[PDB]
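> One structure follows; several queries about it will come next.
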Amino acid sequence: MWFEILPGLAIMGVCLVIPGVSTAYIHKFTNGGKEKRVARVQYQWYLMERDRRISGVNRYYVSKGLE
Amino acid sequence: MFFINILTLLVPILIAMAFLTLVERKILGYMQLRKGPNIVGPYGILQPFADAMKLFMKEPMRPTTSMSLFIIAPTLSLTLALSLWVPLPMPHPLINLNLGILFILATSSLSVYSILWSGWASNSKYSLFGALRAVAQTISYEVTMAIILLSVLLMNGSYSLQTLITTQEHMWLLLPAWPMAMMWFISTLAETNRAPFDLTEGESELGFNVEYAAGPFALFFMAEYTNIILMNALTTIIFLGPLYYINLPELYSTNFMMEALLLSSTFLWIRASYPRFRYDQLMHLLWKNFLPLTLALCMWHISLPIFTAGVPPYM
Amino acid sequence: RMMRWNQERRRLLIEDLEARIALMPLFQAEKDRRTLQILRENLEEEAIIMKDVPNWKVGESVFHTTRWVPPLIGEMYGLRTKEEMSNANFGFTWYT
Amino acid sequence: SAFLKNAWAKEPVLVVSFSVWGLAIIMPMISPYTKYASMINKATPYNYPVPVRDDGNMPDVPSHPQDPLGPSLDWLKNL
Amino acid sequence: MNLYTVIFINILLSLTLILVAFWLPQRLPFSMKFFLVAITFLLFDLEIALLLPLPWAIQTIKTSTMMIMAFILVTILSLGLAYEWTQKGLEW
Amino acid sequence: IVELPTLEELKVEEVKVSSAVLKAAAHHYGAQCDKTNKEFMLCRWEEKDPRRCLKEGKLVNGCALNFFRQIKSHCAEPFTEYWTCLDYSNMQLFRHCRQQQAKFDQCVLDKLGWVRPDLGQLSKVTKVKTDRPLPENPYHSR
């Protein structure tokens, strides 16, 4: 019966969600719980870099009004 | 970390790539009143690994040849196909590229060589012709394939595949632009040399695998199937936009999983259902039936934005 | 729907471009302030190394005009941290 | 006309093909929104708007962004 | 760099396979049609290029000229196709 | 020589806050502090030499600093919630956070009275008159 084709599809599927969940949590871990900034245009890289200089060395650390 | 994120996004796809052949040799089976492979392993789950080990152990005959193409070519086919998964924006992409779709279009285009190189490398005048069929059709279908994307982009505003997740937050791009989806789907069927458009490996010997056995056979082989997925996945981002919620990124990937599998299932279903087109029948479709439709609908997609005051926001 | 969605998006495109428009003046004051510092800091080191140099003023515009001239990223960091240099040159392309 | 008919039924792609070619060559000419595209895109502010000195001889220019003077995009709003 | 890292792993994975694959185991076909296609292909491929900047050009303030230009390009090439059809070309 | 200004001459306080924070309040900073901002900018453009317009620049940071101190005094909690949600997004897009935005914007219209500038009305060119003489011979043309 067709249901036997499912085992194979399942294994494919599980192996196609891993990548999307993986890439989207190894980003939120490396960037400090905040989505990796996407610097499409320089302004953004500038702002990002500015952030680095503002604190520690990493941009993800984010200083606030209390600074 | 980034390395781990390279294992994921690769292995997972390779393991899934293996399970597609299985779900191809069973879905084609049940459609043809037969169980398909269930005896090796449970329900045939170990079947893809089994043939892989046989293929690598058999003598790479290396058949008499230009050697460095008998080795370089297979590698290019796997390298480009696995590489094109680098930017796919399943939820977040891995390497977000501002000109992402041009990367995908360019990387696909390079695979036509592997066919050309493999065909010249065998020393069978037959093969030299077989490669010609694929190389010619690939570039041909590429011309409508590219124009169909340019129509899309102009309604997306950018070349970055990440933008479409924000373009398709209210409706799939199938509703609009369905006429091209169909034409993207048929072109995706040609570029993966799948059935309706599989003249290669056709009556030649039912072309560029003729002399390829064991490990070289496998690498292209792997490449084709990974592509089979990738192109289907590009259909599932560009035209069928999976629901995106910024709070939970995986329902995007969960639906990306569901739509990709169904459209991957569709080309499996297409293969069993249709006879293969003639070589000229195939080019007659693209240059006569599709290219005039695509070029005109291309203009409609430069006009729809302007007079409907809908010019898309860059960025 | 596409017409309405992109019109909404375009309005948003306007709402955030203006947000930087407002934030730019501060950045301009900051950039310049920091830029000059890099030039000057390089002057200190410049003098330190050019003093021994025979009859070589510490620094002189290769261009005789007295107009203010932006420094090349190469001038600003060439003698600074090589890593800093690299970041400026190929940093954005490699992004993050 | 008659061929047109058969053409609609035989070789029914070109017909559609040309039809679109034209409809895209017409809608822009006749539409209540075509004008907006050059405006909506014109308005989008990408490069800083540099302020002019106040000779004090200009009433048109608004002295402050929020002033009741100057350009407005309420056309963009409620579009 | 991030891309470089990914790509070299990509080549490495493929070279690894072929290497194991080779190590674990231990004259005149010519039709102008084919050449003609290749040519047409580039004439179309070049056009694809002149059409690729259209996403950035959409945002151009002119708009009228943009479309007037783009429509002329698509129409003149399509006529090229038209003559290709009319002539034996594209008829293999 | 180069007459590059000295460090002590260019050592002034700055906001030094995460890009997001500036962004979150940007719309109101473009509002409460453009009088001086513009001036610095007009100085900057017409007198191509930054070195010449440095002073105006110190005024810029300062005006903003208090802008922040006032925010710190009132509706600070709101602002804190708005920036944190704004920062999480990768492009720090404004529309993901509108509920948090409404609070702070509403509050500053209760406590500080300041107003969020309507779509536009910040892009429009401004007229600011400055004592600094319209630099003649900018470009130091010969």
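Here chain F follows Swiss-Prot for its numbers: 4-145, in order, are the residues you see.
Recorded method is electron microscopy, 3.1 Å.
Just so it is clear, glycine is given a Cβ too, placed from its N, Cα and C backbone atoms.
These came from Swiss-Prot, pasted as-is:
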- F:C36-F:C66: disulfide bond (DISULFID)
- F:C46-F:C56: disulfide bond (DISULFID)
- F:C78-F:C110: disulfide bond (DISULFID)
- F:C88-F:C100: disulfide bond (DISULFID)
- F:33-74: domain 'CHCH 1' (DOMAIN)
- F:75-118: domain 'CHCH 2' (DOMAIN)
- F:36-46: motif 'Cx9C motif 1' (MOTIF)
- F:56-66: motif 'Cx9C motif 2' (MOTIF)
- F:78-88: motif 'Cx9C motif 3' (MOTIF)
- F:100-110: motif 'Cx9C motif 4' (MOTIF)
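Can you walk me through where each of these features ends up in the structure?
The 10 Å shell around the Cβ of F:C66 (disulfide bond) contains 19 further Cβ atoms across the protein chains shown.
Its Cβ placed at the centre, F:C46 (disulfide bond) has 22 other Cβ atoms within 10 Å. According to its DSSP assignment, F:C46 (disulfide bond) is helical.
Cβ contacts within 10 Å of F:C110 (disulfide bond), excluding its own Cβ and spanning all protein chains shown: 17. According to its DSSP assignment, F:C110 (disulfide bond) is helical.
F:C100 (disulfide bond): 21 other CB atoms within 10 A of its CB, across all protein chains.
Tertiary neighbourhood of the domain 'CHCH 1' (F:33-74): same-chain residues 6-8, 12-13, 15-18, 20, 82, 111, 115, 117-120, 125, 129, 131, 133, 135, 137-138, 141-142, selected by CB-CB distance under 8 Å and a gap of 6+ residues from either end.
Among residues of the same chain six or more beyond the domain 'CHCH 2' (F:75-118), those with a C-beta under 8 A of the stretch's C-beta atoms are 21-24, 26-28, 31, 34-35.
Secondary structure of the motif 'Cx9C motif 3' (F:78-88), assigned with DSSP and counted as helix (H, G, I), strand (E, B) and coil, comes to 10 helix, 0 strand, 1 coil.
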> Pick the one among the disulfide-bonded residues F:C36, F:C56, F:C78, F:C88 whose Cβ has the fewest other Cβ atoms within 10 Å in this structure.
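Ranked by other Cβ atoms within 10 Å, the disulfide-bonded residues F:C36, F:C56, F:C78, F:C88 bottom out at F:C88.
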> Translate the DSSP assignment of F:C56 (disulfide bond) into the three-state scheme.
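Its secondary structure by DSSP: helix.
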> Which of the three DSSP-derived classes (helix, strand, coil) applies to F:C100 (disulfide bond)?
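The residue in question, F:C100 (disulfide bond), is coil (DSSP, three-state).
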> Sorry to bug you, but what's the C-alpha spacing from F:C46 (disulfide bond) to F:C36 (disulfide bond), rounded to the closest Å?
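That comes out at 16 Å between the alpha carbons.
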> Could you state the whole-number distance in Å separating the C-alpha atoms of F:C56 (disulfide bond) and F:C88 (disulfide bond)?
36
